[PDB]
Structure formats: structure tokens, C-alpha cells
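As given, the protein sequences belong to chains A and B, one line each in that order.
Okay, so the first sequence: first residue is -1 according to the entry's author numbering, each after it adds one.
FYI, in the entry's author numbering the residues of the second sequence are 5 to 214, 224 to 428.
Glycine included, every Cβ here is placed at the ideal spot set by N, Cα and C.
Heads up: the structure comes next, in C-alpha cells.
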Amino acid sequence: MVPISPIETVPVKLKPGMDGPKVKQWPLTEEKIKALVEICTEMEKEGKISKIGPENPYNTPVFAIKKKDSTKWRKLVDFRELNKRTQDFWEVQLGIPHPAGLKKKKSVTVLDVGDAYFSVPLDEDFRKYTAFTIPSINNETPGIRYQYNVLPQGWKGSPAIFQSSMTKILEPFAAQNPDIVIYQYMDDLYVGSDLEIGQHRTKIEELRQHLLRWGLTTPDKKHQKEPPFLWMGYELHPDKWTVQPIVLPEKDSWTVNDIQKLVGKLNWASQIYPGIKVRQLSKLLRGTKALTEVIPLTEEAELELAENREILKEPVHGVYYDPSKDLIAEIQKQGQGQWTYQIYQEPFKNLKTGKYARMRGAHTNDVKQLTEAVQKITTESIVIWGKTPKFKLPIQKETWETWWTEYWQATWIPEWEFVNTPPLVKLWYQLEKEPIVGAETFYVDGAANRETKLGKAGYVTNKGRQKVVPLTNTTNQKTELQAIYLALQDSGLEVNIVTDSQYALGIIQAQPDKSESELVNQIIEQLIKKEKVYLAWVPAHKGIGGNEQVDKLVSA
Amino acid sequence: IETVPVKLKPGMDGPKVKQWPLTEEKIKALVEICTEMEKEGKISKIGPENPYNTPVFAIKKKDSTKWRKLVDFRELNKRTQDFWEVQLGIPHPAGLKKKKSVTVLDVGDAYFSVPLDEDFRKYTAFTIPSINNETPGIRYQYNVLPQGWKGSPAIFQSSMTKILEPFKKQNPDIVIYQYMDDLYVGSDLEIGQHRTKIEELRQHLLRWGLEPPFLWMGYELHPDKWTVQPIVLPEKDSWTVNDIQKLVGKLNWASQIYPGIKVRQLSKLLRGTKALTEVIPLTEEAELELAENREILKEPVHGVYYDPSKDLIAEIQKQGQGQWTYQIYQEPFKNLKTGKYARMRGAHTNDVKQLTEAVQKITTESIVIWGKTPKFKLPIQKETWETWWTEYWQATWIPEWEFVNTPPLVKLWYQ
Ligand SMILES: Cc1cc(/C=C/C#N)cc(C)c1Nc1ccnc(Nc2ccc(C#N)cc2)n1
Ligand SMILES: N#Cc1c(N)cccc1F
Ligand SMILES: [Mg+2]
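This is the structure in C-alpha cells:
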């Protein structure tokens, strides 16, 4: 015999305070019992389980399932109860590689390591918790009792411990062979390289020889799987990648559930198909979650769906990452809070694409949304490539400079250049820093009664211009905005406005260009038409002239 | 060399904090650092039975070329038992903030000489991620006191007091205060004198050590020159309507801090509905009221006290042109310190780098004055801050923060 290195066991514990499972074995038919005994005798001969005495008090139920269209029974040990009681483990699969971060490879070989799986021993002190019982024929003798010596299929810790064990074994090979990449998925190792096929196949042989040090055998008849690989919803090819086929169904009427599956397909597609849009289709999912309810598609949702079908007409592929070249990210505004982007290195060859949607909020503007989209792409790019792309943005350098120097928050976007591709992001209005000489001064106020919802909004000016409007179904906040709106409506192109509304100042100082409030939207439209606006705040109820007069008029 | 027993607080599991995305340069640096640390026995590889995690990244301390590993133990620090066995982290020295020169030393390398309690090590787990998750993240835990963990200065305290006994009795007027991985050394000497005493200090830790990669550095502060921001009102010969409205607005705000502030006579100047730019002469009654307000604003705020049991809160306002104002308080309108910056380092076109530097400087002031870090209210969108602050961070501790999404009207009053 050739000595082999043992695979070190991972020590395993139950959660604090918990004991092992003690679950009743279900009754089985005489036919299922004979099948399980045969199966377990083979497993025992292979070292995977061992018979135990009657002292062990734990138990997990075992089942027999007919492998469909076969007289072959299959065993199922149901570890749901032990899993609830088993400690949490470190999970590595949490982060999956994105295809766009991979490197092109000339050759990728697959190796089956299914037999290696159960060379992995289970912590000797944990085995007792895996006990199960085959019932006896006619229940006239004690059932046969077994426990696992290897990682059981379906037990909570088996994926993590298998992965950790294989990683430890592969570490030295990978380190001493930096000209290959190795990736484990399920019971297969994928080995890629840029070596000529001869040297590449030599590396594979050497890996098989390395694995033999632990007694892990790999099939000689080489794997049937060969590029392209279907993996995690992608298609990986040697020199390009894409998503698996995206087919939007034809439907005369659409259900809640159908729309959820359509949006999921579109979201999946948006990582390589440029320009996918989902706003109007996601609008139909607002609030409701009755999975069978039918919703009429608005005309705007049909337009969006139609546009997406066109985008999905023919296949699109991404290229892989070349670390020797800069990464570039370009962003376009699509309308209704939607943004789309492409990341590339050579012109017209995208590594990937994607999209960003406006966050839920009362007020917003395009510059803020562009900024959020940039941060999202930056963070995604650190994940995939470990570096920030150079940005191409549809906003003039002078617009950005004005925005960030005057904005009340700190804000930053990394190295970028203007791309003159409409629609451009611009500043729709800017307020004055100083009062305007020669411009009429409007002192505005509004008030409402909380019981009747009746209110008033209005202004008085230094020229004696005055207006008060009676309002119904309103609030203090709404009347304060209404007063500013009236002053904007009734003034010339330059205007000073004096308000005591901290609420209205808080909104206007946020510089929105769009709002969920149609009153704020009306104010924005008036601001866009002015040449100069200065907005001054004063405290309420302090005898400030102008403010005092109009407050009396509107609170009457 | 024998381990101090360490526990978490009751009914409290270890940290399970997600590792955030790291650039290629920071991953390469951490791989190199951690490979060395592992060889030196400071850390060891761990297996999947350890599910804990604390984030790690890397920084370049101010004026250096070499990466420093920085573990973000904020969560582990919250969950770690409090250390009151005997010495209570030393009653804060109130004289440190009065010295002419305070030099900050990174002494964290000293902690690696003390082993960490075998049963507590698992809670120090961290992961070096790989780009695109292409290879399994490298998992380690600490075998020795880690830098940045609250327990390390506490457990090492006994050994630190003994290292500097010779230097302390030789230099009894020197204030030496330890916070986390920093040693703060304050004297009233001339700076050339000061730097020599600092270098004297380094040798005590060099000689005890027998090499620390950042012990040679020195961050020089001068707390006796630290400036504050009282409330001041304009002195003008011509007041416009707009000027007086701004004045009454600022005085109304100040009257929440100072009882006897009045605005009645000033408001009366505005009787009518006048153009904002029209000049209004001050009457005698309004001038008297204004002088009386100025006099009130020269006195300290009443009923201001520091409570070591309460959080310190720091607010910051962006004033433009590189200028930042800030206030530290525990109760609203009871400021314990206010201040203003402008000399923000090589960041004339980067708001977020300037804010990150401001945050560090305020935290340093907080440590020097009260011995703990404040909770920041930052004028920035969470996503922007989280994407960038680690690129500009140069301190070995990390404070807590929250985000301000609505523009404060009071920014005007601190300008
Ligand atoms: C993540 C990953 C999944 C699979 C396979 C998963 C499955 N099924 C195979 C490999 C080798 C890898 N690892 C890496 C690492 C770096 N570059 C690459 N590039 C790369 C991979 C596959 C193809 C192809 N065809 C081309 C290039 N792959
Ligand atoms: N697969 C794999 C792998 C790898 N590429 C590097 C280190 C350890 C591992 F397990
Ligand atoms: Mg009013």
C-alpha cells in the first residue's frame, strides 16, 4: 500500500444548550425495509456508516424514495431536526464570481471529485448525533442502528466542511502553479489556463497526482461537460460569457406572479443586455401581493415590455476582464428615475451592463441620482475587478462644479469626463446668495385650521401688491408651500421671497427637480422660469414687518 | 505570557460582520502583512466551524509609504465585557488638553507580545477577500492581543505601566495617556526639547521589545492653541432689512442657548413691508437691545457639564470654500466644545476627503479632552460616505456615525 495523508476533521458542536435529535422513525413497508438494508450494507462496507449499540439515545428518520421510472429505491436520511440543532458555519459560497470579472482562458478542464467527498471524515465526537434506525421486518426485532463516519448528504455542515477540506488540499498546488486557476462547484473542479494544450494536460495529470496524496481518485474517462458551461444562470465560453437564454412569454393577460417572474428575468438580463427597463412593470406590483390577481397593463407598461422584447431579440455577449487595460463606465439617463450603464475596456465590447433606479423618496433631482448611480457602480466594480472605473457621464464639468461647491452636503464622484450624449443632467434653477436690488420683495404666509382643513395662503409686497386665497382640505404645510407658489406666479423675472416656513426651506434647500408633491412640482416649474430668486427665512411670530402683516391675513 | 480570562457580555454572540469590498492594492497589502503575521505566530488560519467575522482593511498612516492593517473591531468592542477588574482605563487626565505639545505614538505593535485567551480567539476572526470572490477568502484569527480591540490596552495596561516607570519618575511633569493603540505624550517643553523626550520614550519600548513598523512616527498636536467658536453678531454702520432679518433669526436661535436674549426692539425696526435691500437706521432702543445681547453672548452657557456616562455627539456643517464648523455636546444647546477648520489637507476639490479629515481631527480632540470618541452626525448621504471614507482614513480607531439627510437651518448661524 501507498500511505495517504488523512483529511483533518473539523470539530463540530451543537448550538449552546441544545442536545441532539430524538426523532421517531416512521413505519416502513416490508419492501422499503429490505431496500434500505441492502443500501446500508453497501454503505457500511464502504466505511460511510457504522452499526452502533443501543446506548446511543439519538435518532433521525430515514425514508425510501422510488427513483422515478426505475425499480431502484433510494435512501433519504431526513436531517432537518439535527440541522436546527447544529452550529452555524462559515459559508464561502455567499459571494459568487461575476463572469465579467473572470479572465479569458484557452483551456478549461473539469475533474470529478465526487469520490473525494466521502473521504472527508466527520468529527468523531459529533457522529453520535447522526444516528438513524432501519425498522425491522414486522417490528419483531430491534431496528438496525447506524451512525455516519463521513459528511452526510443533507446535513447542515457538509457543504462548508467539504469546501474547506478541498481548499486546504488544493492550496499548495494553486500556490506552486500560479499559471492556472482552479474553482470548485458541487463535486467538480474546473481548471483553467493559458498554457498550450500539452502543458495544460500535464498540469491536470499533476493535479490528479497531487490529489492521490490524500487517496482521492478522479475518473480517467474525462468529463463529459465541456465549454460552454451552464453555471448559476450564465453561459461561460472560453473567450466570452452571457446569460442563459431569456425568453419573455406571450400572454393575453398578466398575473401578479407573472409580472414578478417577468421583472426577475429582465433584471437578470440587464447585466449584459443594454438598456433594459423595468420601472413601469414594477409599478404594477406596488403594494399588492395576491399572487393570482390579474392586473391590466398600462399603455406605458406595454411600451416598456415592447421595448424590452426588441432588446432581447438576438443574443448579446460580454467579454472577459483584461487587467492590463483601464475599466470605463458610461451612464445614461433613461427617464422616470431609471439609469443605465455599460462597463467596457475596448470601445463597443462591454464586460457587462446594468441599471440603477431612483430610491423611494419625497423629493429628488437628477444630479443626486447620477451621484448614487456612480457610487453603486463604483462599489460593484470594487467587488468584481478590485478597482474604480473611469467614468463617462452626461453632465458638464461646470455643472458638477457648481453643484458640489454649493450643495449643503459633502459629495464626491471619482475621476470622470463629460460625454455629450443627451439627455444631459443639468441644474434647473439656482437660488441667489444675496437679496436682489430692484426686485420686488414678497412676504408670504399660509395657515390652516386642523379641524376644518380650511386655510389661507398669500403674500404682501413692498409695492403694495397683495393676495390672499381661501383654501379647503389643506394643512399648515400645504398652505406654506401654496404661499411661495403664489409669490412665484405673481412676480416678475427677479424676486425676493420672505417666508417663515422651516418646512418649505428644508425642501427648497434640498434642491429638488421633481417631487411626489404636485405643489412642490408647481414651485419647481415657476423657479425654472425665473432669472433670479432669493429665498429669505425669518422666525414666525416675532413682529417682523411684512411677515407679521401677511400672517394676520392668512390666519384669519 | 499567561492569558487574562476574557468573556463577551451576557446573552451576546460573537460578531458576524460582513467584509466590505476591498481594492486590489489593499488585498495585496493585507495578504503580505498577514503572511508575515502568521509566520510570527500572531495569527493562525481557521476553519469553517468558526462563523464569526470582523471587517479588515488597510491604511497609510499620515506621512508614510507602508500599509498598516486596520481591523474594524467596533462590533466586537461593543460586545466585549467591560474591563473593571482593578484599573478602570485610568481616570481621564484633565491636564493633557493643557499641554503645549502632545505627540501621538502608534504603540499597537507592543500588544502582539501578549497571548490572547485561547477561548476568546475565535471572536477575532477576519477574512481577506479575493477579487471577484474567485478564490476562497483567507480566514484568520488572532493568537495575541489585536490592534484596535478594546481589550488590548486593558490587558496590556499592567505591562505598559511597568515599561514607562523609569521614564515617568525621570520626567514627572509629562502627561502620558493611552487610548486604544495610541499613546499621547504631552509636555510644556520647547518642541526641539519635546521631540527629544519623545525619542527618549521610543527607546524604552525599543529596549523592552528586544521591530515595530510605525513606532518611529509622531503626530504632533498643540492643544493649548485649540480655538473655539463663541456666538458673534455683525458690527455694521448700514443695516439692510435683510441684515436685520438675519440678525433677528440668529438671535432667536441663540435665545435657546442663552436665556435673556431679546429681539423685540430689533424686530420693531422692520415695521411695514419693506424692500429687502432697503437700509434701516438703528434706533437707540434697538441699539441698546443689541449691545445687551452682545454682552450676554460673552458669557459661558449656563448648566453645561460633562457626564462620563452619556454619549458625546458631534455635528459638522459644510460652510464652503474648504471651511467646516462643528459642535460637540451631550444635551441639545449645551455645547461642550465648538470649532472651525479650513486647512483641510490636499483636498481642495474633494468634499468627502475633507469631511473624513475633519472627522479624524474632531475624534482626536475628543480623545484628548474626555478620553472617548463621539458619535458623529455627518452631512453626507450614507452611500457616498460608505463608498469613500476608508480611502482617506489615517487613524487606528474608528468612531460611530449617522447621516443627516435634511439641511439644518442652523448652518447659517455657525458661519
Ligand atoms: C469562477 C470559475 C467558474 C468556472 C466554471 C463554472 C462552471 N460550470 C471555472 C473557473 C475556472 C472559474 N474560475 C475562474 C477564475 C478566473 N478566470 C476564469 N475564467 C474563465 C472561466 C471559464 C471559462 C469558460 N468556458 C472561461 C474563462 N475562471
Ligand atoms: N479551487 C480552489 C482553490 C484555489 N484556486 C486556491 C486556493 C485554494 C483553493 F481551494
Ligand atoms: Mg404664520
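Amino acids of chain A, ordered along the chain, whose beta-carbon sits closer than 7 Å to that of B/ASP364:
Here residue 364 of chain B corresponds to residue number 351 of the second sequence, with the count starting at 1. Correct list: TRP402, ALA408, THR409, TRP410.
Going along the chain, which residues of the region 370 to 382 of chain A sit with their C-beta nearer than 7 Å to a C-beta in chain B?
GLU370, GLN373, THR376, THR377, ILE380, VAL381, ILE382
Using 8 Å as the Cβ pair cut-off and three pairs as the minimum, do the region 53 to 66 of chain A and the region 129 to 142 of chain A touch?
yes
What does the Cβ neighbour count give for residue 555 of chain A, buried or exposed, with the cut at 16 atoms within 10 Å?
Residue coverage of chain A in this structure runs from -1 to 554, which leaves residue 555 of chain A outside it and unanswerable.
Compile a chain-ordered list of the residues in the region 386 to 397 of chain A whose CB is closer than 7 Å to at least one CB of chain B.
none
Hey, would you say the C-beta of A/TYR181 is under 7 Å away from at least one heavy atom of ligand 2?
As a working note, residue 181 of chain A is residue 183 in the first sequence. Checking the Cβ of A/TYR181 against ligand 2 gives yes.
Could you say if the region 95 to 114 of chain A and the region 184 to 204 of chain A meet the contact criterion of at least three C-beta pairs nearer than 8 Å?
yes
In whole angstroms, what is the alpha-carbon distance linking A/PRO468 and A/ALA538?
Locating residue 468 of chain A in the first sequence gives position 470, counting from the first residue. Locating residue 538 of chain A in the first sequence gives position 540, counting from the first residue. Cα-Cα distance, rounded: 21 Å.
Taking 8 Å as the threshold (C-beta atoms), are A/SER3 and A/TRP212 in contact?
For the purposes of this step, residue 212 of chain A is taken as residue 214 along the first sequence, with counting starting at 1. For the purposes of this step, residue 3 of chain A is taken as residue 5 along the first sequence, with counting starting at 1. Closer than 8 Å, so yes.
Test item: CB-CB of B/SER105 and B/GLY190 under 8 Å:
Position 101 of the second sequence, counted from the start, is the residue given in the question as residue 105 of chain B. Position 186 of the second sequence, counted from the start, is the residue given in the question as residue 190 of chain B. Result yes, Cβ atoms of B/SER105 and B/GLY190 sit closer than 8 Å.
Considering B/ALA304, what are the terminal residues of the alpha helix (DSSP H) in which it resides?
For this step, residue 304 of chain B is matched to residue 291 along the second sequence. Unbroken alpha helix (DSSP H) run through B/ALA304: 297 to 309.
Which partner residues does A/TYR181 have in the DSSP bridge list?
Your numbering for residue 181 of chain A matches position 183 in the first sequence. The partner list for A/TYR181 (beta bridge, DSSP) reads A/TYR188.
Taking the straight line between their C-alpha atoms, what separation do you get for residue 221 of chain B and B/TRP414?
Residue 221 of chain B cannot be located in this model; chain B continues from 214 straight on to 224.
Does the pairing of the region 394 to 401 of chain B with the region 296 to 311 of chain B give three or more beta-carbon distances under 8 Å?
no
Please indicate yes or no: does the CB of B/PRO140 lie closer than 7 Å to some heavy atom of ligand 2?
The count along the second sequence starts at 1 and reaches residue 140 of chain B at position 136. Result yes, Cβ under 7 Å from ligand 2.
So that I know if they touch, is there some Cβ in chain A lying closer than 8 Å to that of B/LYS281?
Against the second sequence, residue 281 of chain B aligns to sequence position 268. With 8 Å as the cut-off, B/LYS281 counts as an interface residue toward chain A.
Tell me, please, which residues DSSP counts as bridged to B/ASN57.
For this step, residue 57 of chain B is matched to residue 53 along the second sequence. Beta-bridge pairing links B/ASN57 to B/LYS20.
Under 8 Å, do A/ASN147 and A/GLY45 count as touching if we go by C-beta distance?
Counting from 1 along the first sequence, the entry for residue 147 of chain A is found at position 149. Counting from 1 along the first sequence, the entry for residue 45 of chain A is found at position 47. It is a contact, given that the beta carbons lie within the stated cut-off.
Taking DSSP's pairing of strands, which residues face A/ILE329 in a bridge?
Here residue 329 of chain A refers to the residue found at position 331 when the first sequence is read from its first residue. A/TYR339, per the DSSP bridge assignment.
Amino acids of chain B, ordered along the chain, whose beta-carbon sits closer than 9 Å to that of A/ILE94:
In the first sequence, the residue the question calls residue 94 of chain A occupies position 96. Simply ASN137.
Contact test: A/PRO226 Cβ vs ligand 1 heavy atom, cutoff 7 Å
Within the first sequence, residue 226 of chain A is the residue found at index 228, counting from 1. A/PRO226: yes, Cβ under 7 Å from ligand 1.
Contacting residues, own chain, Cβ-Cβ under 6 Å from B/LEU310 (five flanking each side not counted)
Within the second sequence, residue 310 of chain B is the residue found at index 297, counting from 1. Taken in chain order, the residues that qualify are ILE244.
A/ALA114: CB within 7 Å of a non-hydrogen atom of ligand 2:
Stepping through the first sequence from its first residue, residue 114 of chain A is reached at position 116. No.
Apply the 10 Å Cβ neighbour rule to A/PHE346 and answer buried if 16 or more other Cβ atoms are within range, or exposed otherwise.
As a first step, residue 346 of chain A must be located in the first sequence, where it is residue number 348. It is exposed - the Cβ of A/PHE346 has fewer than 16 other Cβ atoms within 10 Å.
Going by DSSP, which residues form a beta bridge with A/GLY456?
For the purposes of this step, residue 456 of chain A is taken as residue 458 along the first sequence, with counting starting at 1. Bridge partners of A/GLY456: A/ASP443, A/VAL466.
For A/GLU370, does the count of other Cβ atoms within 10 angstroms reach 16, so buried, or fall short, so exposed?
Along the first sequence, read from residue 1 onward, the residue named residue 370 of chain A stands at position 372. Buried, since its Cβ has 16 or more Cβ neighbours within 10 Å.
What three-state label does DSSP hand A/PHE160 in the structure shown?
Working through the first sequence from its first residue, we reach residue 160 of chain A at position 162. The answer is helix: DSSP assigns A/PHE160 an H, G or I state.
With which residues is A/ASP110 paired in a DSSP beta bridge?
As a first step, residue 110 of chain A is located in the first sequence; it is residue number 112 there, counting from the start. Note: A/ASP110 sits in a beta bridge opposite A/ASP186.
Show which residues of chain B have a CB atom less than 9 Å away from the CB atom of A/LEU503.
What you label residue 503 of chain A is simply residue 505 of the first sequence in a count that begins at 1. What A/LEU503 touches in chain B: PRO420, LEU422.
Going by the C-beta, is A/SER553 closer than 7 Å to any heavy atom of ligand 3?
Looking up residue 553 of chain A in the first sequence gives position 555. Yes, the beta carbon of A/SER553 sits closer than 7 Å to at least one heavy atom of ligand 3.
Please list the partners that A/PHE87 has in chain B, where partner means a Cβ-to-Cβ separation under 7 Å.
For the purposes of this step, residue 87 of chain A is taken as the residue at position 89 of the first sequence. Those are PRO52, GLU53, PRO55, listed as they occur along chain B.
For the region 62 to 81 of chain A, which residues have a CB atom closer than 9 Å to at least one CB atom of chain B, in sequence order?
none
Is any non-hydrogen atom of ligand 2 found closer than 7 Å to the C-beta of A/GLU6, if you look at the structure I gave you?
Reading the first sequence from its first residue, position 8 is the one you call residue 6 of chain A. False, no ligand heavy atom lies under 7 Å from that Cβ.
If the cut-off is 7 Å on Cβ atoms, which residues from the region 377 to 400 of chain B count as contacting chain A, listed in chain order?
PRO392, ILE393, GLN394, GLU396, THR397, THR400
Cα-Cα, which of A/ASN471, A/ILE495, A/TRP24 is closest to A/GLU449?
Here the question's residue 449 of chain A lines up with position 451 in the first sequence. Looking at the Cα atoms, A/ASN471 is the closest of the given residues.
Could you work out which residue in A/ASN348, A/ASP250, A/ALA327, A/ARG356 is closest to A/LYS281 when comparing CA atoms only?
Position 283 of the first sequence, counted from the start, is the residue given in the question as residue 281 of chain A. Among A/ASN348, A/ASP250, A/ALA327, A/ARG356, the Cα nearest to that of A/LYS281 belongs to A/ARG356.
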